[PDB]
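Participant: Have a look at the structure that comes next, please.
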Amino acid sequence: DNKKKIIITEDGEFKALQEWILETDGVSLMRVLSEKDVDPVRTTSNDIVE
Amino acid sequence: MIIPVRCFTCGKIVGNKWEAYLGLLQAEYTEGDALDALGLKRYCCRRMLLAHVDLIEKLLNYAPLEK
Amino acid sequence: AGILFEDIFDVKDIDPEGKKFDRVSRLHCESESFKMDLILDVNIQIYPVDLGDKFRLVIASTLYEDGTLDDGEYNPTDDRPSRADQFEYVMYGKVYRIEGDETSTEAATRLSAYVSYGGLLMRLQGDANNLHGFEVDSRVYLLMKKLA
Amino acid sequence: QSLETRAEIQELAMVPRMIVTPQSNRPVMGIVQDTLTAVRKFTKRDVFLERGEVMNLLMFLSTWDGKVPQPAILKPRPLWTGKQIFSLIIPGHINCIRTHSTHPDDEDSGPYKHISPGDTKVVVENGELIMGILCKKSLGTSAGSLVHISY
Amino acid sequence: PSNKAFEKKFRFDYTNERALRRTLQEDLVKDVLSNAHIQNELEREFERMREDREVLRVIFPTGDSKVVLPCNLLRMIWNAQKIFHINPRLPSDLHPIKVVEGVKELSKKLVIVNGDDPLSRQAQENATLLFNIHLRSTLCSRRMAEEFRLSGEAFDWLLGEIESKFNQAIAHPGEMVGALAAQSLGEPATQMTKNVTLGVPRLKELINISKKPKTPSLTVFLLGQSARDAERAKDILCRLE
Amino acid sequence: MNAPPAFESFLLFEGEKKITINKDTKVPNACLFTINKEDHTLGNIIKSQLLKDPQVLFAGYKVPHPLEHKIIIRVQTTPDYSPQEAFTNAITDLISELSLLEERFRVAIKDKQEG
Amino acid sequence: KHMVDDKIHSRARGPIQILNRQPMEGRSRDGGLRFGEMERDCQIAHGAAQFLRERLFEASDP
Amino acid sequence: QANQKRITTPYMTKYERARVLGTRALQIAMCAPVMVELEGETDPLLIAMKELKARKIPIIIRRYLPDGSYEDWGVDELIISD
Amino acid sequence: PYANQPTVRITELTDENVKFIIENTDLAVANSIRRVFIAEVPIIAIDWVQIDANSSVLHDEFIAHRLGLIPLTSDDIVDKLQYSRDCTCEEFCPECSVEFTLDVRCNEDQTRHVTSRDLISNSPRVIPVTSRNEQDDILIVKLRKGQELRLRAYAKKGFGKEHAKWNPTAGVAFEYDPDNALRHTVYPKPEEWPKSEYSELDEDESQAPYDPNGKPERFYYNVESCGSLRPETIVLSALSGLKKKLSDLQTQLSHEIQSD
RNA sequence: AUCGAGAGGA
Ligand SMILES: [Zn+2]
Ligand SMILES: [Zn+2]
């Protein structure tokens with residue numbers, strides 16, 4: 001659940017959402033974020049310099 | 001090096017049984033039979049005799065320093 | 001006289017889930033006079049019990065026949081008349097939980113008292129009327145005696 | 001070699017003051033091999049100590065008021081349980097609810113939640129070990145353990 | 001808890017006459033039923049709890065209720081119950097408005113950043129926001145009345161103990177927190193040993209900024225249908241690889 | 001280098017008394033007996049014989065440290081009794097039991113040899 | 001061969017080195033223990049400034 | 001800084017307590033008058049602890065703020081946590 | 001409130017060991033008697049060696065220690081002799097020590113065995129046990145041509161609480177409740193355990209049924225002697241020593257009470 | 001006593 005999408009239903013509990021994720025072998029964060037149908041709020045990186 | 005006087009665990013004398021044990025061994029007795037003959041009922045004393053190596057005989061080969 | 005609960009129980013099962021301990025066995029007993037339910041840990045090494053045995057349980061807040069509060073201290077050199085002399089198996093413990101089916105509005109129709117005799121647990125459940133004398137953090141005695 | 005150094009070491013670096021680490025908000029000390037195995041065996045439901053045994057054990061209790069507790073079994077022979085002695089060992093009126101290493105996952109769901117058939121579900125109330133068998137998960141360096149609650 | 005669970009567990013009721021009679025004593029239930037100021041204050045308390053619940057939802061996006069806070073309020077409640085011989089089967093003499101004003105006064109007493117100027121006031125509010133939210137949630141009038149059944153003296157002792165414990169938990173000037181952090185981070189290292197670099201190599205890779213990470217990676221999340229269906233997501237994968 | 005002498009475990013140091021009587025304050029009619037250069041050999045028998053007494057509420061012994069050579073015996077008696085008297089009676093009874101056992105052992109030895 | 005008799009060693013104002021007036025090295029030379037960087041580190045975390053001064057200045061090389 | 005107001009915490013810190021106890025113990029061991037009635041105590045550490053518990057320590061703590069100012073606190077004016 | 005009334009029953013009495021059963025006594029008393037058997041029975045042992053000459057392969061410590069381990073006849077002279085601590089004489093005297101002398105030179109080609117027969121004592125009643133008028137003599141050292149041993153030894157009085165050489169027992173077998181009636185030992189699988197020498201049970205049964213109102217009685221003994229004392233003398237002297245220690249404790253207690 | 005090397009212990 002730490003990597004899923006956690007939402008709040010109309011009733012008001014936490015419901016994890018099963019959605020696809022993509023893990024890359026490289027780092028191009030600006031270009032990846034500037035892509036269609038890619039979440040720019042949750043997409044991150046593990047290269048601190050970038 | 002030499003046979004201890006007493007068993008470490010119980011303190012029974014075993015320092016007067018090495019020569020008799022060797023004689024029994026040369027008399028075709030099994031090691032356990034010799035231990036029973038010498039009245040070594042406890043396995044501590046049986047260890048004390050069965051596991052003993054006698055380095056005093058090897059040390060006696062070298063000549064004395066003082067004549 | 002210091003007696004909270006007194007009834008005759010019939011043993012219906014003994015370690016129904018398995019003998020978890022060597023010298024202690026759980027008892028599942030039911031009564032007939034008050035229709036109670038009992039689960040008791042007994043030292044079967046010194047007090048052996050079997051299926052179908054019938055005894056009387058006497059839960060008391062004091063071991064003296066006359067009403068006198070107990071200090072909860074070992075005083076073997078005591079000659080005062082005690083009701084322990086009329087029983088075969090007595091255990092000293094404290095009540096650690098009382099549970100009922102009460103709602104936010106209605107009262108409790110049934111009750112369940114939990115006692116710990118130094119780790120030997122006991123749950124007595126049934127009607128709320130006959131368990132009214134039990135209070136949490138209070139010391140009680142078991143006072144069991146088999147009958148034929 | 002100096003009085004101020006001795007005083008500051010006493011007031012800061014004493015072992016009792018060093019029980020809980022700021023690294024992980026938990027005790028750094030606990031119960032170790034022999035005492036841990038012995039307390040696991042001692043706090044079992046089927047441990048019964050005779051009069052002489054109880055007195056001999058009480059001779060080794062520093063914070064003892066001198067009053068022998070009422071035995072958990074009075075007849076047909078006076079007997080004290082290990083949980084009673086450890087209850088009297090426990091200091092103050094600390095409250096604690098823990099779990100033993102053999103506690104089943106379905107015990108808290110079905111019946112006998114508060115009356116454990118396996119003597120799990122350690123409960124200490126008013127400094128008294130009401131029930132349960134103690135282990136690392138109750139006398140060790142884990143957060144929320146008995147020693148942590150005591151500190 | 002859900003919205004319905006939150007309301008049921010934390011909204012003090014003053015319409016169920018029988019429930020109130022069971023919960024509290026006769027004079028207290030009569031006063032609560034009669035006085036409308038009491039009801040208005042309790043409504044405001046529930047509104048504050050709802051705002052705190054929303055703030056908590058914001059602060060913790062995931063439903064992780066585990067927090068590290070100074071005072072074990074549940075343990076102190078248990079200690080108060082044991083000390084004051086509270087009977088959980090009888091109505092209590094504790095007034096819910098006494099509870100509410102007690103929580104407000106205790107919140108005023110627990111200070112981290114002192115002063116009266118707005119900057120310091122907001123700093124103190126931010127510094128104690130989590131503990132105050134937890135304290136209000138635990139010391140709810142409904143909880144203290146129907147679940148904890150505390151008495152007036154028990155509540156007073158609880159407030160005093162909370163204040164003393166928080167003042168004890170406040171950090172001490174002169175503490176070498178830098179050395180503390182360095183040692184507390186270096187100790188695990190001695191015990192710690194697709195594919196992602198982990199352990200001491202990654203810890204070193206972090207401390208000395210590495211221009212060239214050993215295993216650089218991107219965790220890409222999808223926005224629209226792509227996240228649900230597979231064809232569009234593999235299409236995005238082709239677009240990115 | 002710091003090996004204690006062999007005879008230190010039983011030889012009394014000069015100026016050091018064999019026994020010492022201290023009174024327990026936590027409970028009434030209780031006393032602490034501290035015996036130097038003694039061990040479980042005397043502690044266990046004294047404790048058991050004190051446990052025989054029906055007017056001894058408590059009787060226990062301990063060795064505070066196996067490296068040290070002292071024992072502590074705690075006796076708590078009835079309000080009409082004294083821990084000193086309980087200790088004295090226990091010692092006297094142990095003396096009598098040992099004398100009886102020794103005489104009976106000598107008799108049995110004589111019978112076994114003489115047939 | 002590990003006999004404690006060859007591992008015990010205590011120092012109280014013994015010989016000092018010649019390049020720096022600090023205690024010698026090795027029990028064979030009656031030298032003291034080294035209060036190293038990690039030890040000063042832990043004392044820093046403690047906050048025992050007077051003890052740190054005593055160890056590194058007063059008891060080492062005043 | 002006016003004595004009417006102070007921004008530091010009113011509680012003595014562990015470091016302040018340790019240093020005050022050590023300094024007062026050294027002063028006592030150097031023949032200073034005692035502010036408590038010594039029943040039978042003869043060791044400076046417990047004498048200083050008794051003085052601290054009596055809140056009769058003749059020492060003023062100069063808490064240096066980072067800005068460069070300082071606030072002077074008496075030992076009797078500080079709450080003792082332990 | 002009074003003492004027990006114990007009874008003895010000797011099953012086997014030889015020149016090496018004694019077998020007896022003590023009935024109607026406490027476990028504390030039985031274990032104390034056993035402990036005194038081991039550690040609080042005064043016997044005579046060598047504790048002072050002055051090696052004039054030693055050309056053997058064993059060093060002087062080695063030789064002395066081996067000589068000290070040699071037991072000596074202590075049956076009757078142990079009571080007359082007093083500890084050198086309490087003796088008012090000089091370092092040694094006839095009333096607190098026993099003289100010894102060894103003088104062996106190996107001049108023949110055959111290896112010379114220095115046994116306990118070479119130990120010559122001033123006291124006729126204090127001799128090595130193997131030299132008493134079978135078992136051979138204890139080997140002290142072996143000597144080849146040229147090697148020679150010359151030493152003087154003194155035999156003092158002490159108990160096993162000081163050194164193991166003053167211990168007069170070659171094993172004190174102790175057992176109570178041969179059938180596990182009291183459940184002192186919990187056998188996870190009782191059938192795996194052999195019956196005791198004193199067990200009274202059939203082969204189909206492993207241990208006696210549980211006895212809830214029983215305490216340890218009928219303590220069994222097997223006191224093997226190292227030759228310093230006869231086993232009967234060992235038991236008698238241990239009982240007397242325990243009685244004496246209790247008596248000194250009683251005297252000290254009376255003095256302390258009078259001081260209050 | 002200094003340097004260097006080697007062998008080791010936790
Ligand atoms: Zn042996
Ligand atoms: Zn003499």
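A note on labels: chains of the structure tokens are A, B, ... as shown, every chain counts residues from 1, and ligands are counted from 1 in their shown order.
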What residues have any atom no more than 8 Å from ligand 1 when counting only C-alpha atoms (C1' of nucleotides) and all ligand atoms, and can you list them as a PyMOL selection string?
Facilitator: (chain B and resi 6-12+40+42-46+48) or (chain I and resi 170-171)
Participant: Can those selected residues be exported to a file as a PDB file, in the first residue's frame so that it contains N, CA, C and O atoms?
Facilitator:
```
ATOM      1  N   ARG B   6      45.023 -38.549  40.983  1.00  0.00           N
ATOM      2  CA  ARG B   6      43.602 -38.666  41.262  1.00  0.00           C
ATOM      3  C   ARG B   6      42.780 -38.354  40.024  1.00  0.00           C
ATOM      4  O   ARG B   6      43.202 -37.594  39.149  1.00  0.00           O
ATOM      5  N   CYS B   7      41.596 -38.952  39.963  1.00  0.00           N
ATOM      6  CA  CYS B   7      40.612 -38.564  38.966  1.00  0.00           C
ATOM      7  C   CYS B   7      40.156 -37.135  39.222  1.00  0.00           C
ATOM      8  O   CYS B   7      39.931 -36.733  40.367  1.00  0.00           O
ATOM      9  N   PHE B   8      40.025 -36.362  38.144  1.00  0.00           N
ATOM     10  CA  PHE B   8      39.674 -34.953  38.284  1.00  0.00           C
ATOM     11  C   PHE B   8      38.271 -34.776  38.851  1.00  0.00           C
ATOM     12  O   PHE B   8      38.036 -33.881  39.670  1.00  0.00           O
ATOM     13  N   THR B   9      37.329 -35.616  38.430  1.00  0.00           N
ATOM     14  CA  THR B   9      35.932 -35.407  38.793  1.00  0.00           C
ATOM     15  C   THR B   9      35.647 -35.840  40.227  1.00  0.00           C
ATOM     16  O   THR B   9      35.110 -35.061  41.022  1.00  0.00           O
ATOM     17  N   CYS B  10      36.003 -37.075  40.583  1.00  0.00           N
ATOM     18  CA  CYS B  10      35.630 -37.636  41.873  1.00  0.00           C
ATOM     19  C   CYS B  10      36.779 -37.747  42.862  1.00  0.00           C
ATOM     20  O   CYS B  10      36.522 -37.901  44.059  1.00  0.00           O
ATOM     21  N   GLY B  11      38.022 -37.669  42.406  1.00  0.00           N
ATOM     22  CA  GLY B  11      39.155 -37.701  43.302  1.00  0.00           C
ATOM     23  C   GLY B  11      39.658 -39.074  43.673  1.00  0.00           C
ATOM     24  O   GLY B  11      40.498 -39.181  44.574  1.00  0.00           O
ATOM     25  N   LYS B  12      39.170 -40.127  43.025  1.00  0.00           N
ATOM     26  CA  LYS B  12      39.668 -41.465  43.299  1.00  0.00           C
ATOM     27  C   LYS B  12      41.068 -41.636  42.723  1.00  0.00           C
ATOM     28  O   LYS B  12      41.407 -41.078  41.678  1.00  0.00           O
ATOM     29  N   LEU B  40      37.655 -49.715  38.012  1.00  0.00           N
ATOM     30  CA  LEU B  40      37.309 -48.367  37.571  1.00  0.00           C
ATOM     31  C   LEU B  40      35.871 -48.404  37.062  1.00  0.00           C
ATOM     32  O   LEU B  40      35.601 -48.531  35.869  1.00  0.00           O
ATOM     33  N   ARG B  42      33.504 -45.954  37.451  1.00  0.00           N
ATOM     34  CA  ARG B  42      33.002 -44.674  36.972  1.00  0.00           C
ATOM     35  C   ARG B  42      33.699 -44.269  35.680  1.00  0.00           C
ATOM     36  O   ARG B  42      34.917 -44.429  35.531  1.00  0.00           O
ATOM     37  N   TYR B  43      32.914 -43.734  34.744  1.00  0.00           N
ATOM     38  CA  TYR B  43      33.471 -43.403  33.442  1.00  0.00           C
ATOM     39  C   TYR B  43      34.420 -42.217  33.509  1.00  0.00           C
ATOM     40  O   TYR B  43      35.235 -42.051  32.600  1.00  0.00           O
ATOM     41  N   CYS B  44      34.376 -41.423  34.578  1.00  0.00           N
ATOM     42  CA  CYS B  44      35.390 -40.389  34.767  1.00  0.00           C
ATOM     43  C   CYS B  44      36.776 -41.007  34.933  1.00  0.00           C
ATOM     44  O   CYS B  44      37.729 -40.624  34.245  1.00  0.00           O
ATOM     45  N   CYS B  45      36.903 -41.979  35.839  1.00  0.00           N
ATOM     46  CA  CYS B  45      38.178 -42.670  36.006  1.00  0.00           C
ATOM     47  C   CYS B  45      38.526 -43.500  34.778  1.00  0.00           C
ATOM     48  O   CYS B  45      39.709 -43.616  34.415  1.00  0.00           O
ATOM     49  N   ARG B  46      37.518 -44.086  34.131  1.00  0.00           N
ATOM     50  CA  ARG B  46      37.775 -44.807  32.891  1.00  0.00           C
ATOM     51  C   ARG B  46      38.384 -43.886  31.842  1.00  0.00           C
ATOM     52  O   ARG B  46      39.313 -44.275  31.130  1.00  0.00           O
ATOM     53  N   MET B  48      40.101 -41.160  32.632  1.00  0.00           N
ATOM     54  CA  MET B  48      41.406 -40.786  33.163  1.00  0.00           C
ATOM     55  C   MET B  48      42.475 -41.807  32.800  1.00  0.00           C
ATOM     56  O   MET B  48      43.639 -41.442  32.600  1.00  0.00           O
TER      57      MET B  48
ATOM     58  N   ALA I 170      36.189 -40.606  47.567  1.00  0.00           N
ATOM     59  CA  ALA I 170      36.340 -40.917  46.152  1.00  0.00           C
ATOM     60  C   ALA I 170      34.996 -40.972  45.439  1.00  0.00           C
ATOM     61  O   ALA I 170      34.843 -41.694  44.448  1.00  0.00           O
ATOM     62  N   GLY I 171      34.017 -40.218  45.928  1.00  0.00           N
ATOM     63  CA  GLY I 171      32.685 -40.213  45.360  1.00  0.00           C
ATOM     64  C   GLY I 171      31.619 -40.452  46.407  1.00  0.00           C
ATOM     65  O   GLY I 171      31.634 -41.474  47.096  1.00  0.00           O
TER      66      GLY I 171
END
```
Participant: Give me, as a list in words, the contact residues of chain D against chain F at a cut-off of 12 Å, counting only C-alpha atoms.
Facilitator: residues 50, 51, 52, 53, 54, 55, 56, 57, 58, 59, 60, 61, 62, 63, 64, 65, 66, 67, 68 and 69 of chain D
Participant: Store the residues picked out above in a file with N, CA, C and O atoms, as an mmCIF file, in the first residue's frame.
Facilitator:
```cif
data_model
loop_
_atom_site.group_PDB
_atom_site.id
_atom_site.type_symbol
_atom_site.label_atom_id
_atom_site.label_comp_id
_atom_site.auth_asym_id
_atom_site.auth_seq_id
_atom_site.Cartn_x
_atom_site.Cartn_y
_atom_site.Cartn_z
ATOM 1 N N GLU D 50 6.206 -24.079 46.492
ATOM 2 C CA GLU D 50 5.888 -24.428 47.865
ATOM 3 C C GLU D 50 6.290 -23.295 48.806
ATOM 4 O O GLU D 50 6.834 -22.267 48.394
ATOM 5 N N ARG D 51 6.028 -23.499 50.097
ATOM 6 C CA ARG D 51 6.301 -22.467 51.093
ATOM 7 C C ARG D 51 7.790 -22.147 51.173
ATOM 8 O O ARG D 51 8.192 -20.980 51.090
ATOM 9 N N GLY D 52 8.622 -23.174 51.340
ATOM 10 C CA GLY D 52 10.053 -22.943 51.441
ATOM 11 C C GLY D 52 10.638 -22.347 50.176
ATOM 12 O O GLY D 52 11.505 -21.472 50.234
ATOM 13 N N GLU D 53 10.169 -22.813 49.016
ATOM 14 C CA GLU D 53 10.629 -22.253 47.751
ATOM 15 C C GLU D 53 10.276 -20.775 47.647
ATOM 16 O O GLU D 53 11.105 -19.957 47.226
ATOM 17 N N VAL D 54 9.051 -20.416 48.035
ATOM 18 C CA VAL D 54 8.630 -19.021 47.968
ATOM 19 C C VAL D 54 9.478 -18.165 48.894
ATOM 20 O O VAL D 54 9.910 -17.069 48.524
ATOM 21 N N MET D 55 9.734 -18.649 50.112
ATOM 22 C CA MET D 55 10.546 -17.870 51.044
ATOM 23 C C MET D 55 11.974 -17.704 50.534
ATOM 24 O O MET D 55 12.556 -16.615 50.633
ATOM 25 N N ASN D 56 12.550 -18.769 49.972
ATOM 26 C CA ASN D 56 13.902 -18.678 49.433
ATOM 27 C C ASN D 56 13.971 -17.681 48.285
ATOM 28 O O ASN D 56 14.927 -16.904 48.187
ATOM 29 N N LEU D 57 12.970 -17.692 47.404
ATOM 30 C CA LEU D 57 12.941 -16.713 46.322
ATOM 31 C C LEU D 57 12.782 -15.298 46.863
ATOM 32 O O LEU D 57 13.420 -14.363 46.366
ATOM 33 N N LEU D 58 11.938 -15.120 47.882
ATOM 34 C CA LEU D 58 11.727 -13.801 48.463
ATOM 35 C C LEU D 58 12.960 -13.277 49.180
ATOM 36 O O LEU D 58 13.094 -12.060 49.340
ATOM 37 N N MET D 59 13.856 -14.160 49.620
ATOM 38 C CA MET D 59 15.101 -13.688 50.213
ATOM 39 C C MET D 59 15.945 -12.905 49.218
ATOM 40 O O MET D 59 16.848 -12.170 49.630
ATOM 41 N N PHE D 60 15.667 -13.041 47.922
ATOM 42 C CA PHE D 60 16.437 -12.388 46.873
ATOM 43 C C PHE D 60 15.701 -11.203 46.256
ATOM 44 O O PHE D 60 16.095 -10.720 45.190
ATOM 45 N N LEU D 61 14.639 -10.727 46.900
ATOM 46 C CA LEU D 61 13.854 -9.595 46.414
ATOM 47 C C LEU D 61 14.208 -8.374 47.253
ATOM 48 O O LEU D 61 13.929 -8.339 48.456
ATOM 49 N N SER D 62 14.824 -7.376 46.617
ATOM 50 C CA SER D 62 15.276 -6.199 47.354
ATOM 51 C C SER D 62 14.107 -5.317 47.770
ATOM 52 O O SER D 62 14.062 -4.832 48.907
ATOM 53 N N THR D 63 13.158 -5.095 46.870
ATOM 54 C CA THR D 63 12.007 -4.239 47.152
ATOM 55 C C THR D 63 10.817 -5.078 47.611
ATOM 56 O O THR D 63 9.771 -5.147 46.965
ATOM 57 N N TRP D 64 10.997 -5.725 48.757
ATOM 58 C CA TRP D 64 9.975 -6.574 49.350
ATOM 59 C C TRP D 64 9.535 -5.972 50.675
ATOM 60 O O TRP D 64 10.371 -5.657 51.527
ATOM 61 N N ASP D 65 8.222 -5.813 50.843
ATOM 62 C CA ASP D 65 7.677 -5.218 52.055
ATOM 63 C C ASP D 65 7.764 -6.141 53.262
ATOM 64 O O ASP D 65 7.556 -5.678 54.388
ATOM 65 N N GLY D 66 8.063 -7.422 53.061
ATOM 66 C CA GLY D 66 8.143 -8.369 54.150
ATOM 67 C C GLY D 66 6.870 -9.134 54.434
ATOM 68 O O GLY D 66 6.835 -9.904 55.402
ATOM 69 N N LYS D 67 5.827 -8.952 53.632
ATOM 70 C CA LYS D 67 4.562 -9.653 53.802
ATOM 71 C C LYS D 67 4.451 -10.734 52.736
ATOM 72 O O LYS D 67 4.537 -10.440 51.540
ATOM 73 N N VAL D 68 4.262 -11.976 53.170
ATOM 74 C CA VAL D 68 4.079 -13.096 52.253
ATOM 75 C C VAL D 68 2.685 -12.996 51.647
ATOM 76 O O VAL D 68 1.694 -12.930 52.387
ATOM 77 N N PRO D 69 2.558 -12.972 50.324
ATOM 78 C CA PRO D 69 1.228 -12.888 49.717
ATOM 79 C C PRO D 69 0.414 -14.142 49.979
ATOM 80 O O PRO D 69 0.953 -15.232 50.179
#
```
Participant: Would you list the contacts of residue 50 of chain A as a PyMOL selection string, taking every protein, DNA or RNA residue within 12 Å and counting only C-alpha atoms (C1' of nucleotides), but skipping same-chain residues closer than 6 positions in sequence?
Facilitator: (chain A and resi 26-31+44) or (chain E and resi 209-213+216-218)
Participant: Residues within 9 Å of ligand 2 (only C-alpha atoms (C1' of nucleotides) and all ligand atoms), as JSON, numbers by chain?
Facilitator: {"I": [81, 82, 83, 84, 85, 86, 87, 88, 89, 90, 91, 92, 93, 94, 95, 96, 97]}
Participant: So that I can check the surroundings of residue 20 of chain A, please list as number ranges by chain every protein, DNA and RNA residue that reaches within 10 Å of it, counting only C-alpha atoms (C1' of nucleotides) and ignoring chain neighbours fewer than 5 positions away.
Facilitator: A: 4-5; E: 220-222, 226-230, 233-234
Participant: Counting only C-alpha atoms, a student should be able to say which residues of chain F come within 12 Å of chain G; what is the right answer, written as a ChimeraX atom specification?
Facilitator: /F:1-3
Participant: Any chance you can output those residues with C-alpha atoms as a compact mmCIF listing (two decimals), in the first residue's frame?
Facilitator:
```txt
# COMPACT_ATOMS: atom_id res chain seq x y z
CA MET F 1 47.75 -12.09 41.39
CA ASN F 2 44.42 -11.41 43.12
CA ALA F 3 43.69 -15.02 44.05
```
Participant: Write out as number ranges by chain each polymer residue whose atoms come within 12 Å of residue 62 of chain C, counting only C-alpha atoms (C1' of nucleotides); drop sequence neighbours fewer than 2 positions from it.
Facilitator: C: 1-4, 58-60, 64-72, 81-84, 90-93, 138-143
Participant: How far is it from atom CA of residue 207 of chain E to atom CA of residue 23 of chain A, in Å with one decimal?
Facilitator: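 Going from atom CA of residue 207 of chain E over to atom CA of residue 23 of chain A covers 23.7 Å.
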Participant: Give me, as a list in words, all polymer residues having an atom no more than 12 Å from residue 2 of chain J, counting only C-alpha atoms (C1' of nucleotides) and skipping those fewer than 2 positions away in the same chain.
Facilitator: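 Close residues of residue 2 of chain J: residues 17, 18 and 19 of chain G; 4 of chain J.
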Participant: I need the residues in segment 11-137 of chain D that are alpha helix (DSSP H) according to DSSP; give them as a PyMOL selection string.
Facilitator: chain D and resi 11-12+33-42+51-58+82-89+136-137
Participant: To one decimal in Å, tell me the separation between atom CA of residue 118 of chain D and atom CA of residue 124 of chain C.
Facilitator: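 A separation of 18.7 Å between them.
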Participant: Rounded to one decimal place, report the atom CA of residue 91 of chain D-atom CA of residue 144 of chain E distance in Å.
Facilitator: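 Distance reported for this atom pair: 28.0 Å.
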Participant: If we count only C-alpha atoms (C1' of nucleotides), what is near residue 14 of chain A at a cut-off of 8 Å, once residues fewer than 3 positions away on the same chain are taken out, given as a PyMOL selection string?
Facilitator: (chain A and resi 6-9) or (chain E and resi 62-63)
Participant: Quick one: which residues from chain D are at most 12 Å off chain I, using only C-alpha atoms, as a PyMOL selection string?
Facilitator: chain D and resi 50+52+75-79
Participant: Select, as a count of residues only, those residues of chain D with any atom no more than 12 Å from chain H (distances computed using only C-alpha atoms).
Facilitator: 14
Participant: Produce a table with one row for each residue of chain G that has an atom at most 8 Å from any atom of chain E, each row naming the nearest atom pair and its distance in Å at one decimal; use only C-alpha atoms; arrange rows by chain and rising residue number; format as a tab-separated table.
Facilitator:
```
residue	atom	partner	partner_atom	distance
G:41	CA	E:179	CA	7.1
G:42	CA	E:179	CA	7.8
G:44	CA	E:179	CA	6.9
G:45	CA	E:179	CA	5.2
G:46	CA	E:176	CA	7.7
G:47	CA	E:175	CA	6.8
```
Participant: Of the candidates I:196, I:180, I:259, I:122, which shows the shortest atom-to-atom distance to residue 154 of chain I, using only C-alpha atoms?
Facilitator: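 Closest to residue 154 of chain I, using only C-alpha atoms: I:122.
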Participant: As JSON, numbers by chain, please: all residues of segment 8-248 of chain I that backbone DSSP puts in strand (DSSP E).
Facilitator: {"I": [8, 9, 10, 11, 12, 13, 17, 18, 19, 20, 21, 22, 23, 43, 44, 45, 46, 47, 48, 49, 50, 51, 52, 53, 54, 98, 99, 100, 101, 102, 103, 104, 105, 112, 113, 114, 115, 120, 121, 139, 140, 141, 142, 143, 148, 149, 150, 151, 152, 153, 154, 155, 156, 157, 158, 169, 170, 171, 172, 173, 174, 175, 219, 220, 221, 222, 223, 224, 225]}
